[PDB]
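Read off the chains here:
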Amino acid sequence: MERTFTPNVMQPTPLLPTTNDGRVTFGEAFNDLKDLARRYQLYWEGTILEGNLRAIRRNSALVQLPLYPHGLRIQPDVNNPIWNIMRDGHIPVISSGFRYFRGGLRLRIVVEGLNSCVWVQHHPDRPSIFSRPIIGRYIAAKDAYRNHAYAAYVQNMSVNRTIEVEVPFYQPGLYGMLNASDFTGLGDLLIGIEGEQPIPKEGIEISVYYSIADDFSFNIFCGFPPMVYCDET
Amino acid sequence: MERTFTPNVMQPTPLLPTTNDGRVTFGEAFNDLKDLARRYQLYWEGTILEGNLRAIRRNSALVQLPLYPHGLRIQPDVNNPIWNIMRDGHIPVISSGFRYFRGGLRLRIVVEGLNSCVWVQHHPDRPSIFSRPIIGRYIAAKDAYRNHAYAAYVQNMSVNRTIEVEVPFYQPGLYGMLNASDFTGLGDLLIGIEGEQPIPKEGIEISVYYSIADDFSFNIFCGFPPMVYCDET
Amino acid sequence: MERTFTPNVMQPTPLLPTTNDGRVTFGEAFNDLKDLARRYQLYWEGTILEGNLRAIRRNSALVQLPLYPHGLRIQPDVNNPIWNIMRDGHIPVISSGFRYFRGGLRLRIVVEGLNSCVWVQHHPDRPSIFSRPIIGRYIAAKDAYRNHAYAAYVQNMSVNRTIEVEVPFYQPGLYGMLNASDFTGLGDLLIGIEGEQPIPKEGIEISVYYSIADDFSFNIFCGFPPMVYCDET
Amino acid sequence: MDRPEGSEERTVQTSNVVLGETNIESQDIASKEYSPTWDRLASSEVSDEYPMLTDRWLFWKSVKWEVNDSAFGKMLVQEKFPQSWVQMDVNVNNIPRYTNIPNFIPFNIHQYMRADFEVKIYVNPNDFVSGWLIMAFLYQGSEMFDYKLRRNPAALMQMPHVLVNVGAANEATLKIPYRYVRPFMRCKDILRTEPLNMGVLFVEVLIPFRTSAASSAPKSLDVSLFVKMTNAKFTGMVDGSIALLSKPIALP
Amino acid sequence: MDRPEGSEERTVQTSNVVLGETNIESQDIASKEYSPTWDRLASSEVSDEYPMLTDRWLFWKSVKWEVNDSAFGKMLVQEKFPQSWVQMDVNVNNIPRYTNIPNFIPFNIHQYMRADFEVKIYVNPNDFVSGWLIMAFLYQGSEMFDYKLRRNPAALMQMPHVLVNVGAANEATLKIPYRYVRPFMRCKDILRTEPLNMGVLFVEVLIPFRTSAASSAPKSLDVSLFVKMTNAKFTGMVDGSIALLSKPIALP
């Protein structure tokens, strides 16, 4: 096989004795990228103001966020300097090397400001038109309010501030496509308020973090794209 | 062996009968300094004001605190009279007698004021330049915001005010050096807010307490340094 | 091995039937150069006059002759036309092909003229400065008379005219060097009169013949030097 | 050459085609080979197999590359695949047609297909020219959000590829197991996706082609490509004229 | 060349050096190999052996020979050996020093040594040049009363040698068992004989080197020499500075 082929090997010394992937000196074995990809990382972080929401703005969406196992497309503005100096996370970088996937994501949505009953809902097949989220008044007529019978979840920001949910993989096809260009992905995730708590005069600060589920798998290893060093920022 | 060598012992009486290290009269046995070193003690206690933080000051560091199993260098100012009249704790004093260590610390970070989602993160190899912490705007460009894929933790100060985490021992070398002078230590611990809750017009009062993990061990016993009696303050 | 290597041999006929190295047709087998080198050959032939001897010239050296298994250096003057038209013997020619040796020589010293008690003596380690012999008055202060306890031999030229002695191999080293340039060789051989018989008014005609002992061996075969045909004289 | 005819050539026969090869190949497999199982879940009609037609090897292109134009990473072949190979036969208007070539005759009457491919590349230089080519394949490369950064041969060295050394003048065989987002591909433009677009096949110029300064030496060299299908299964019989083909879109 | 990489090269690894060789060698042994026994009679101190240091191969020279200067029997290399190889590392004043090279590090701290050598010679011509070299070794040749008549290649054809055909471009290996007038050699100039003078290594030009009349063809060719010790035993530990080295004497 041409990728791993090694002709005429000239090796001066023996090979180095093994630590069982670090289990000898540390306690754990770092043998796999799928375990590194299950440590949570930031996904999208935004603010939402009154007045760029709906007119009536009782139980409505605040964000429809597209679920991609690679990241959303990043733009490194001056508001969140994360996306600027840290570039992408470890998950978009691991993901850019594989072609397909099959499996779900885990999310952690931390929506505060607001401190009322907030809700989340997964539309497994309404994909996949764009690489940004859509805020408030710009989400389309039929993604505006909650729907009936889509898998959803509800939480009082008074009891607890963090919603942690796991999105299933519901698709007709064999794979979902990593590195899509722009029914390929995991569909949409809608986040929204449950009935018109008055909004603080600055912001509802939402931030989504994500990871890989347990049954998730990266599937066909082609190359990595060209990278950019973070220390050059 | 010259350290314990006893030539020409003249002993007038028998030895005293044992209480099993106090287990006869109290209920417990105090036979070991490693158990005394696992009772928590104060590590660093400070205040942080708006205006000695960042310009944009959304999810940023508030402190980068260097993890040392001996203490940080103390300075006994009039603000916290602890460091003045109590001197160091029992852990910096136990630690000054040993040369190396291998193992982790446990921390308890009590960050309140603020009452929003706060976060902690361990940089196992970015050591070790100084014996003080670094507050706010003075932390360097690449330790400013959160990073991706470093072991981190998040907590709403609304649910609970105390973050208790355990820092692992990740180093290339054999030992870490107790009593370092100034990759020797446990790296850095970064503490930071998650997105620009308005800061009370006086202070975010952080205090870190620490202890030894279970797998931690002090390793080569040389002398103790010269001490100073606390009752002379 | 490159010296005897024979690639792509094309042989038209069978090999010739053997005579066992001549033992079939003559009576003896000439299979070896070491046997040819044990037939005596001339070594040095000279004359010695009164007046190029010592002043007092009682028991003194007449010649100190250096023992070399290759020959002495030859000079082909008109007195002995041997060295001129015959060149060297078979022994200097055999010897020039080998590098080392280990073993002794046999000599036959025929000293006549004089007809008195003559003597011979071997100095196993006083070597080896020159390729000629040294006659009479020119031999150095401490090689002048007989010495004590060096292996020596004595003979009346009245009883018999021929002294045949065998010189041992006494050296510290492993080998002696054939083809030396100028403790490498067999040392010196001193020949001398035993107490001032009046010398005939012309000459004491000495001639030494030599051979190889039984334990002698030629040791590392390198090339032969370039030769000169005798029939061109 | 030591015999009256030069030497013993080696023969690779499939169906009624026979391909001579004088050298040791250079092989690779684009992913793990398997036996399709969930494809039975997609279609209630029996999948038809045409082993005498499709297993046969087929000559695809000849691309010419010259000394004056060999950069590092100049693309000789950049094609949507199998789309370019199957739609290779065009009429006067450059509209493809599945009717002439006997390997492609079943693409005409069916709607969906599935199959594995093997691409084989041939370069016949003399002894005194030296160069080097890389032929790699990227599963559904055209749909990738950065498809035009992955064309550097430094990126192709990572995806499954073969190498053709022009000094040695070897063969090269790239096996491509069927992998896709759905258990079948479309054969024509239906239900208004391009037909039969499983990936992108590249041929780059890893080390530029060099010859001697002499005037009569060849300044050019040819590259030929043969392809064959393996487990080809067709489903969904319709009329040949019920759907249409439109002239293909090219890659940037 | 029939494979993607040219062919299978062959590897000769000793200590932490690995030498590739593509052809059949040409070997010879300067005398019968043996196991030293009387060397224990010479020294009451234990002989130290450094197999990790000394067994390792070492690059010695590169000598260049040109078309315009190839007589019959022009000497490329004429050296006192191992003296020239061991004293190869000189400072600004051409005074040797045993300190830098890790094979020669034990020559620095000892007085006497003993060991067998293997000299290996490498010539990398293209196919269209033809010549021929002979590399022979003469035990203690410099001390021989006619040393300067034995330099003709007609004399070298007799002492143990190897041949390097430039048309075939082969390797060549000359093993030299330790033989000397005493069971050890001196490492420095002591007890006032030159240090480590066991013989003379020659490289002559048996058939002169010839190329084509074309202007761009190579008019020159390189010869490289590798040496290694085998049963190396050192005795007589002293200070490194207790004795001195003086710049070597050259042969006529």
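Residues numbered from 1 in each chain as written, not as in the entry; some residues may be left out. Chains lettered and ligands numbered in written order. Part of a larger assembly, values for the part shown. Heavy atoms only, no water. Residues with missing side-chain atoms left out of burial classes, pairs and counts.

Method of structure determination, per the deposited record: cryo-EM was used for this entry, reaching 3.42 Å resolution.

### Regarding the arrangement of the chains
In plain terms, the rule: Contacts are assigned to residue pairs that have any heavy atoms within 4.5 Å of one another.
With no contact formed, the shortest span from any C-alpha in chain A to any C-alpha in chain C equals 29 Å. The closest approach of any C-alpha atom in chain B to one in chain E is 26 Å; the two make no contact.

### Observations regarding the environment of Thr18 of chain C
Residues and elements named next belong to chain C. Which entries qualify depends on this criterion: Secondary structure is summarised from DSSP: a helix means a run of H or I of at least four residues, a strand means a run of E of at least two, and numbering begins at the N terminus for each. Think of a polar contact as two N or O atoms within 3.5 Å of one another; within protein, one of them needs to be a possible hydrogen donor and the other a possible acceptor, and neighboring residues in sequence only count if both atoms come from side chains.
You can see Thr18 is positioned in the segment before α1 (33-36). A sequence separation of 50 residues divides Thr18 from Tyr68, and the C-alpha atoms of the two residues are 37 Å apart. Among the polar contacts listed, one links the side chain of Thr18 to the backbone nitrogen of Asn20, at a separation of 3.0 Å.

### Digging into the interface of chain E and chain A
As a reminder of what qualifies: Throughout, the accessible surface (probe 1.4 Å) given up by two parts as they are put together, summed over both, is called the buried area.
Every contact between the two is made by 10 residues of chain E and, on the other side, seven residues of chain A. Taken together, the two surfaces of chain E and chain A that pack against each other cover about 630 Å², and 54% of this comes from carbon and sulfur. Here chain E and chain A share two residue pairs in polar contact between them. By residue number, the principal contributor to the side of chain E that touches chain A is strand β2 (residues 17-21) of chain E, which donates three residues.

### As for the interface of chain A and chain D
Applicable threshold: For salt bridges, the criterion is a side-chain nitrogen of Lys or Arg within 4 Å of an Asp or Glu carboxyl oxygen. Residue type decides the class: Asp, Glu, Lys and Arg count as charged, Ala, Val, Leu, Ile, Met, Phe, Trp, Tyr, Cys and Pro as nonpolar, and the leftover types, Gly among them, as polar.
Counting from both sides, the interface comprises 21 residues of chain A and, opposite them, 27 residues of chain D. With both sides pooled, the region where chain A packs onto chain D buries about 2,300 Å², and carbon together with sulfur makes up 60% of that total. Contact with chain D buries surface across chain A, with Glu2, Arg3 and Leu174 of chain A losing the most and accounting together for 28% of the total. For the pair chain A and chain D, the number of links is one salt bridge. Note that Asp28 of chain D is salt-bridged to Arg3 of chain A, the shortest N-O span being 3.5 Å. Connecting chain A to chain D are 14 residue pairs in polar contact. Per-class residue counts for the side of chain A that touches chain D are 12 nonpolar, five polar and four charged.

### Brief notes about the side chain of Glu25 of chain D
Within the fold, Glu25 of chain D resides in the loop between β2 (17-21) and β3 (27-29). A polar side-chain atom of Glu25 of chain D sits 2.9 Å from a polar atom in the side chain of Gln27 of chain D. A polar contact is formed between the side chain of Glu25 of chain D and the side chain of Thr173 of chain D, at a distance of 3.4 Å. Sequence-distant contacts of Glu25 of chain D, that is, excluding residues within four places in its chain, are made with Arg10, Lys120, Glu171 and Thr173 of chain D together with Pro4 of chain E.

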